[PDB]
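S.K.: Dropping in input_13.cif, which is mmCIF, N, CA and C atoms and all ligand atoms:
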```cif
data_structure
#
loop_
_atom_site.label_atom_id
_atom_site.label_comp_id
_atom_site.auth_asym_id
_atom_site.auth_seq_id
_atom_site.Cartn_x
_atom_site.Cartn_y
_atom_site.Cartn_z
N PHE J 194 0.84 -1.19 0.00
CA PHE J 194 0.00 0.00 0.00
C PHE J 194 0.88 1.24 0.00
N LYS J 195 0.63 2.13 -0.96
CA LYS J 195 1.31 3.41 -1.05
C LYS J 195 0.29 4.51 -1.30
N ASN J 196 0.67 5.74 -0.94
CA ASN J 196 -0.19 6.91 -1.15
C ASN J 196 0.71 8.08 -1.53
N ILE J 197 0.74 8.41 -2.82
CA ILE J 197 1.60 9.48 -3.32
C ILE J 197 0.85 10.29 -4.37
N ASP J 198 1.08 11.60 -4.37
CA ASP J 198 0.57 12.51 -5.39
C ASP J 198 -0.94 12.40 -5.54
N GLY J 199 -1.64 12.32 -4.41
CA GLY J 199 -3.08 12.24 -4.44
C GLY J 199 -3.63 10.95 -5.00
N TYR J 200 -2.80 9.92 -5.13
CA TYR J 200 -3.22 8.63 -5.64
C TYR J 200 -2.89 7.54 -4.63
N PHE J 201 -3.83 6.63 -4.44
CA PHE J 201 -3.65 5.46 -3.59
C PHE J 201 -3.34 4.27 -4.49
N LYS J 202 -2.22 3.60 -4.23
CA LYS J 202 -1.74 2.51 -5.07
C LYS J 202 -1.69 1.22 -4.27
N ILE J 203 -2.27 0.17 -4.82
CA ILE J 203 -2.33 -1.15 -4.19
C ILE J 203 -1.74 -2.16 -5.15
N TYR J 204 -0.69 -2.86 -4.71
CA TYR J 204 -0.09 -3.98 -5.42
C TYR J 204 -0.38 -5.27 -4.67
N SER J 205 -0.51 -6.38 -5.40
CA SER J 205 -0.94 -7.63 -4.79
C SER J 205 -0.25 -8.82 -5.46
N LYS J 206 -0.20 -9.92 -4.72
CA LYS J 206 0.35 -11.18 -5.21
C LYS J 206 -0.17 -12.32 -4.34
N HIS J 207 -0.37 -13.48 -4.97
CA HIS J 207 -0.93 -14.65 -4.30
C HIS J 207 -0.09 -15.89 -4.60
N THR J 208 0.05 -16.77 -3.61
CA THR J 208 0.85 -17.98 -3.79
C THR J 208 0.41 -19.11 -2.86
N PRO J 209 0.21 -20.32 -3.39
CA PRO J 209 -0.06 -21.47 -2.52
C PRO J 209 1.21 -22.20 -2.12
N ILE J 210 1.42 -22.39 -0.82
CA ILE J 210 2.60 -23.09 -0.32
C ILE J 210 2.19 -24.20 0.63
N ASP J 215 9.27 -17.96 9.41
CA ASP J 215 8.14 -18.69 8.86
C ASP J 215 7.91 -18.31 7.40
N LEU J 216 8.28 -17.09 7.04
CA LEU J 216 8.10 -16.63 5.67
C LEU J 216 8.97 -17.47 4.73
N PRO J 217 8.47 -17.81 3.55
CA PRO J 217 9.21 -18.73 2.68
C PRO J 217 10.42 -18.07 2.04
N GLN J 218 11.14 -18.87 1.27
CA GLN J 218 12.32 -18.41 0.54
C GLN J 218 11.92 -17.99 -0.87
N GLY J 219 12.91 -17.77 -1.73
CA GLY J 219 12.65 -17.52 -3.13
C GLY J 219 12.30 -16.08 -3.43
N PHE J 220 12.12 -15.83 -4.72
CA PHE J 220 11.81 -14.50 -5.24
C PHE J 220 10.50 -14.55 -6.02
N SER J 221 9.66 -13.54 -5.81
CA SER J 221 8.39 -13.44 -6.53
C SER J 221 7.96 -11.99 -6.52
N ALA J 222 7.91 -11.37 -7.70
CA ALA J 222 7.55 -9.97 -7.80
C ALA J 222 6.05 -9.77 -7.63
N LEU J 223 5.67 -8.55 -7.29
CA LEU J 223 4.28 -8.18 -7.07
C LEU J 223 3.80 -7.30 -8.22
N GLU J 224 2.64 -7.64 -8.78
CA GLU J 224 2.06 -6.97 -9.93
C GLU J 224 1.09 -5.89 -9.49
N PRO J 225 1.02 -4.77 -10.22
CA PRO J 225 0.10 -3.70 -9.84
C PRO J 225 -1.35 -4.16 -9.94
N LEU J 226 -2.15 -3.70 -8.98
CA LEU J 226 -3.55 -4.10 -8.91
C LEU J 226 -4.50 -2.93 -9.10
N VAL J 227 -4.41 -1.88 -8.28
CA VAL J 227 -5.41 -0.81 -8.31
C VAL J 227 -4.73 0.53 -8.06
N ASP J 228 -5.17 1.55 -8.79
CA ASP J 228 -4.87 2.94 -8.47
C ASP J 228 -6.18 3.71 -8.31
N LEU J 229 -6.21 4.60 -7.31
CA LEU J 229 -7.44 5.30 -6.97
C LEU J 229 -7.16 6.79 -6.76
N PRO J 230 -7.93 7.67 -7.40
CA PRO J 230 -7.81 9.13 -7.19
C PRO J 230 -8.68 9.63 -6.03
N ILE J 231 -8.18 9.42 -4.82
CA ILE J 231 -8.93 9.72 -3.60
C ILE J 231 -8.51 11.06 -3.01
N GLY J 232 -7.21 11.30 -2.88
CA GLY J 232 -6.72 12.58 -2.41
C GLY J 232 -7.06 12.92 -0.97
N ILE J 233 -6.80 12.00 -0.05
CA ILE J 233 -7.00 12.26 1.37
C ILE J 233 -5.67 12.17 2.11
N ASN J 234 -5.70 12.40 3.41
CA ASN J 234 -4.52 12.33 4.26
C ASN J 234 -4.60 11.07 5.12
N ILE J 235 -3.53 10.27 5.11
CA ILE J 235 -3.51 8.96 5.75
C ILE J 235 -2.35 8.90 6.73
N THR J 236 -2.63 8.48 7.96
CA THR J 236 -1.60 8.45 9.00
C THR J 236 -1.57 7.11 9.73
N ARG J 237 -2.71 6.44 9.86
CA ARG J 237 -2.82 5.20 10.61
C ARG J 237 -3.77 4.24 9.91
N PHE J 238 -3.65 2.95 10.23
CA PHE J 238 -4.52 1.96 9.63
C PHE J 238 -4.83 0.86 10.63
N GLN J 239 -5.77 0.00 10.24
CA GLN J 239 -6.21 -1.12 11.07
C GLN J 239 -6.82 -2.19 10.18
N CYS O 480 -48.17 35.03 16.58
CA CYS O 480 -49.28 34.49 15.81
C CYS O 480 -49.73 33.11 16.29
N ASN O 481 -49.08 32.56 17.32
CA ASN O 481 -49.39 31.27 17.92
C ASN O 481 -49.74 30.20 16.90
N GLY O 482 -49.02 30.17 15.78
CA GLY O 482 -49.22 29.14 14.78
C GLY O 482 -50.58 29.16 14.11
N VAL O 483 -51.15 30.34 13.88
CA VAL O 483 -52.41 30.47 13.17
C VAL O 483 -52.32 31.67 12.24
N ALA O 484 -53.02 31.57 11.11
CA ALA O 484 -53.01 32.64 10.13
C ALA O 484 -53.82 33.84 10.63
N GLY O 485 -53.51 35.00 10.08
CA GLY O 485 -54.19 36.22 10.46
C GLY O 485 -53.43 37.43 9.94
N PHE O 486 -53.85 38.60 10.44
CA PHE O 486 -53.24 39.85 10.03
C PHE O 486 -51.80 39.92 10.53
N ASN O 487 -50.87 40.22 9.61
CA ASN O 487 -49.43 40.12 9.81
C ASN O 487 -48.98 38.70 10.14
N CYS O 488 -49.77 37.69 9.79
CA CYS O 488 -49.40 36.28 9.92
C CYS O 488 -49.73 35.61 8.59
N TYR O 489 -48.78 35.65 7.66
CA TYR O 489 -48.97 35.11 6.32
C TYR O 489 -48.07 33.90 6.11
N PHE O 490 -48.65 32.84 5.56
CA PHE O 490 -47.88 31.64 5.26
C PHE O 490 -46.90 31.94 4.13
N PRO O 491 -45.60 31.70 4.31
CA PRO O 491 -44.63 32.13 3.30
C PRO O 491 -44.56 31.20 2.09
N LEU O 492 -45.72 30.79 1.59
CA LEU O 492 -45.81 30.00 0.36
C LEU O 492 -46.93 30.56 -0.51
N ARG O 493 -46.74 30.46 -1.82
CA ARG O 493 -47.75 30.89 -2.77
C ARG O 493 -47.77 29.91 -3.94
N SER O 494 -48.97 29.61 -4.42
CA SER O 494 -49.15 28.61 -5.46
C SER O 494 -49.03 29.24 -6.85
N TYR O 495 -48.85 28.38 -7.85
CA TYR O 495 -48.71 28.79 -9.24
C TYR O 495 -49.98 28.63 -10.05
N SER O 496 -50.63 27.47 -9.97
CA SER O 496 -51.88 27.19 -10.67
C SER O 496 -51.72 27.39 -12.18
N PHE O 497 -50.82 26.60 -12.75
CA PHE O 497 -50.50 26.70 -14.16
C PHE O 497 -51.62 26.11 -15.01
N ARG O 498 -52.04 26.86 -16.02
CA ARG O 498 -53.07 26.45 -16.96
C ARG O 498 -52.59 26.66 -18.38
N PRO O 499 -53.07 25.86 -19.33
CA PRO O 499 -52.63 26.02 -20.73
C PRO O 499 -53.17 27.27 -21.40
N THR O 500 -53.98 28.05 -20.68
CA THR O 500 -54.64 29.22 -21.24
C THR O 500 -53.93 30.53 -20.95
N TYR O 501 -52.73 30.49 -20.37
CA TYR O 501 -52.00 31.70 -20.04
C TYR O 501 -51.26 32.21 -21.28
N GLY O 502 -50.63 33.38 -21.17
CA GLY O 502 -49.89 33.95 -22.27
C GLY O 502 -48.53 33.29 -22.45
N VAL O 503 -47.84 33.71 -23.52
CA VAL O 503 -46.58 33.08 -23.90
C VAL O 503 -45.53 33.24 -22.81
N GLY O 504 -45.41 34.44 -22.24
CA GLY O 504 -44.41 34.68 -21.22
C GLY O 504 -44.88 34.37 -19.82
N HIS O 505 -45.70 33.33 -19.67
CA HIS O 505 -46.26 32.97 -18.37
C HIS O 505 -46.17 31.49 -18.04
N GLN O 506 -46.02 30.60 -19.02
CA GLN O 506 -45.91 29.18 -18.71
C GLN O 506 -44.59 28.90 -18.00
N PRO O 507 -44.55 27.87 -17.15
CA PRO O 507 -43.32 27.57 -16.41
C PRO O 507 -42.18 27.17 -17.33
N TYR O 508 -40.97 27.51 -16.91
CA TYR O 508 -39.75 27.15 -17.61
C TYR O 508 -38.94 26.18 -16.77
N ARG O 509 -38.56 25.07 -17.39
CA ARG O 509 -37.74 24.05 -16.75
C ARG O 509 -36.28 24.47 -16.86
N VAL O 510 -35.61 24.61 -15.71
CA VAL O 510 -34.30 25.25 -15.64
C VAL O 510 -33.33 24.31 -14.95
N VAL O 511 -32.10 24.25 -15.47
CA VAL O 511 -30.99 23.53 -14.86
C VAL O 511 -29.78 24.46 -14.84
N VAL O 512 -28.92 24.26 -13.85
CA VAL O 512 -27.70 25.04 -13.67
C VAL O 512 -26.55 24.07 -13.45
N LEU O 513 -25.49 24.21 -14.25
CA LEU O 513 -24.30 23.39 -14.13
C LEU O 513 -23.14 24.25 -13.64
N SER O 514 -22.49 23.80 -12.57
CA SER O 514 -21.38 24.51 -11.96
C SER O 514 -20.14 23.64 -12.01
N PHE O 515 -19.03 24.23 -12.45
CA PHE O 515 -17.74 23.56 -12.57
C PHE O 515 -16.80 24.04 -11.47
N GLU O 516 -15.55 23.56 -11.53
CA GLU O 516 -14.52 23.97 -10.57
C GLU O 516 -13.16 23.88 -11.27
N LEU O 517 -12.65 25.04 -11.69
CA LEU O 517 -11.36 25.12 -12.37
C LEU O 517 -10.27 25.32 -11.33
N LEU O 518 -9.74 24.21 -10.82
CA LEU O 518 -8.67 24.24 -9.83
C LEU O 518 -7.76 23.05 -10.08
N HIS O 519 -6.69 22.95 -9.29
CA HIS O 519 -5.77 21.83 -9.35
C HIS O 519 -6.31 20.71 -8.47
N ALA O 520 -6.67 19.59 -9.09
CA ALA O 520 -7.32 18.49 -8.40
C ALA O 520 -7.10 17.19 -9.17
N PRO O 521 -7.41 16.03 -8.57
CA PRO O 521 -7.31 14.77 -9.33
C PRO O 521 -8.05 14.77 -10.66
N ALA O 522 -9.02 15.67 -10.86
CA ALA O 522 -9.72 15.84 -12.13
C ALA O 522 -10.42 14.54 -12.55
N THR O 523 -11.41 14.16 -11.74
CA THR O 523 -12.12 12.91 -11.96
C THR O 523 -12.92 12.95 -13.26
N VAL O 524 -13.63 14.05 -13.51
CA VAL O 524 -14.53 14.13 -14.65
C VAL O 524 -13.87 14.87 -15.81
N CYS O 525 -13.80 14.23 -16.97
CA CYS O 525 -13.22 14.86 -18.14
C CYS O 525 -13.98 14.46 -19.40
N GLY O 526 -13.87 15.30 -20.43
CA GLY O 526 -14.68 15.18 -21.62
C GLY O 526 -14.22 14.08 -22.56
N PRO O 527 -14.94 13.92 -23.67
CA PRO O 527 -14.62 12.84 -24.60
C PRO O 527 -13.37 13.15 -25.42
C1 LIG H 601 -1.55 15.31 6.87
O1 LIG H 601 -1.54 15.41 8.31
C2 LIG H 601 -0.25 15.72 8.86
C3 LIG H 601 -0.41 15.69 10.36
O2 LIG H 601 -1.66 16.24 10.76
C4 LIG H 601 0.23 17.06 8.33
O3 LIG H 601 1.54 17.32 8.83
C5 LIG H 601 0.25 17.06 6.81
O4 LIG H 601 0.58 18.35 6.32
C6 LIG H 601 -1.12 16.64 6.26
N1 LIG H 601 -1.08 16.56 4.81
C7 LIG H 601 -2.12 16.90 4.04
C8 LIG H 601 -1.91 16.76 2.56
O5 LIG H 601 -3.19 17.29 4.51
#
```
Could you render the structure as structure tokens?

M.R.:
Amino acid sequence: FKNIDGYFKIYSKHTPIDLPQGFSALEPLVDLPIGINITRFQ
Amino acid sequence: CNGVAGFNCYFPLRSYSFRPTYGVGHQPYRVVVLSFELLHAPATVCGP
């Protein structure tokens, strides 16, 4: 999750298998023109 | 006026009672107003 230049960007990746080994890039999923201020999440 | 009509107590509404028999400059006009915003913004709405 990133928030830059008034855009919210979400990248995602899924895999069927403590964190595993190996390399696997994440592909872009969604961009949103929301333009708010973000400081905390849950 | 204790919530009742009377002298100096007028209901602030008035009816139109539109009829097809009025003059040309008397029938109701259907009006719309479109307002834009020319500023720096994400610019969600844009033309074809
Ligand atoms: C977001 O909030 C922080 C802390 O209140 C403030 O420093 C920052 O300027 C704000 N940014 C925007 C774009 O409102």

S.K.: Should the cut-off be 8 Å, what would the residue list for chain J against chain O look like, counting only N, CA and C atoms, as a VMD selection string?

M.R.: chain J and resid 198 to 200 230 to 232

S.K.: Which residues of chain J sit at most 8 Å from ligand LIG 601 (chain H), using only C-alpha atoms and all ligand atoms? Give each one's shortest atom pair and distance in Å (one decimal place), in chain and ascending residue order, as JSON lines.

M.R.:
```
{"residue": "J:233", "atom": "CA", "partner": "H:LIG601", "partner_atom": "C8", "distance": 6.9}
{"residue": "J:234", "atom": "CA", "partner": "H:LIG601", "partner_atom": "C1", "distance": 5.0}
{"residue": "J:235", "atom": "CA", "partner": "H:LIG601", "partner_atom": "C1", "distance": 6.7}
{"residue": "J:236", "atom": "CA", "partner": "H:LIG601", "partner_atom": "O1", "distance": 7.0}
```

S.K.: Point out the residue among J:222, J:227, J:237, J:194 with the least atom-to-atom distance to residue 206 in chain J, counting all atoms listed in the file.

M.R.: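 For residue 206 in chain J, the nearest of the given residues is J:222.
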
S.K.: Can you list, as number ranges by chain, all residues belonging to chain J that DSSP tags as strand (DSSP E or B)?

M.R.: J: 195-197, 200-205, 224-229

S.K.: Please produce an output containing N, CA and C atoms for each residue in the selection, written as a short mmCIF file (atom, residue, chain, number, x, y, z; two decimals), in the coordinates of the input.

M.R.:
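Here's the written file result-v8.cif:
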```
data_model
loop_
_atom_site.label_atom_id
_atom_site.label_comp_id
_atom_site.auth_asym_id
_atom_site.auth_seq_id
_atom_site.Cartn_x
_atom_site.Cartn_y
_atom_site.Cartn_z
N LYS J 195 0.63 2.13 -0.96
CA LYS J 195 1.31 3.41 -1.05
C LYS J 195 0.29 4.51 -1.30
N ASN J 196 0.67 5.74 -0.94
CA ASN J 196 -0.19 6.91 -1.15
C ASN J 196 0.71 8.08 -1.53
N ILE J 197 0.74 8.41 -2.82
CA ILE J 197 1.60 9.48 -3.32
C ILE J 197 0.85 10.29 -4.37
N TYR J 200 -2.80 9.92 -5.13
CA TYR J 200 -3.22 8.63 -5.64
C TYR J 200 -2.89 7.54 -4.63
N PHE J 201 -3.83 6.63 -4.44
CA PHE J 201 -3.65 5.46 -3.59
C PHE J 201 -3.34 4.27 -4.49
N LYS J 202 -2.22 3.60 -4.23
CA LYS J 202 -1.74 2.51 -5.07
C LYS J 202 -1.69 1.22 -4.27
N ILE J 203 -2.27 0.17 -4.82
CA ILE J 203 -2.33 -1.15 -4.19
C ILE J 203 -1.74 -2.16 -5.15
N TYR J 204 -0.69 -2.86 -4.71
CA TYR J 204 -0.09 -3.98 -5.42
C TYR J 204 -0.38 -5.27 -4.67
N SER J 205 -0.51 -6.38 -5.40
CA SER J 205 -0.94 -7.63 -4.79
C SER J 205 -0.25 -8.82 -5.46
N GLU J 224 2.64 -7.64 -8.78
CA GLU J 224 2.06 -6.97 -9.93
C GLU J 224 1.09 -5.89 -9.49
N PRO J 225 1.02 -4.77 -10.22
CA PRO J 225 0.10 -3.70 -9.84
C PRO J 225 -1.35 -4.16 -9.94
N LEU J 226 -2.15 -3.70 -8.98
CA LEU J 226 -3.55 -4.10 -8.91
C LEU J 226 -4.50 -2.93 -9.10
N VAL J 227 -4.41 -1.88 -8.28
CA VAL J 227 -5.41 -0.81 -8.31
C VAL J 227 -4.73 0.53 -8.06
N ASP J 228 -5.17 1.55 -8.79
CA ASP J 228 -4.87 2.94 -8.47
C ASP J 228 -6.18 3.71 -8.31
N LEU J 229 -6.21 4.60 -7.31
CA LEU J 229 -7.44 5.30 -6.97
C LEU J 229 -7.16 6.79 -6.76
#
```

S.K.: Rounded to one decimal place, report the CA of residue 223 in chain J-atom C of residue 204 in chain J distance in Å.

M.R.: 6.0 Å

S.K.: Between CA of residue 205 in chain J and CA of residue 228 in chain J, what is the distance in Å, rounded to a tenth?

M.R.: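 These atoms are spaced 11.9 Å apart.
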
S.K.: Find the axis-aligned box for range 209-219 of chain J, covering all its listed atoms and adding 8 Å on each side, and write its centre and edge lengths in Å to one decimal as JSON.

M.R.:
```
{"center_x": 6.4, "center_y": -20.1, "center_z": 3.0, "size_x": 29.0, "size_y": 24.1, "size_z": 28.8}
```

S.K.: CA of residue 207 in chain J and CA of residue 224 in chain J are how many Å apart?

M.R.: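 Distance reported for this atom pair: 10.0 Å.
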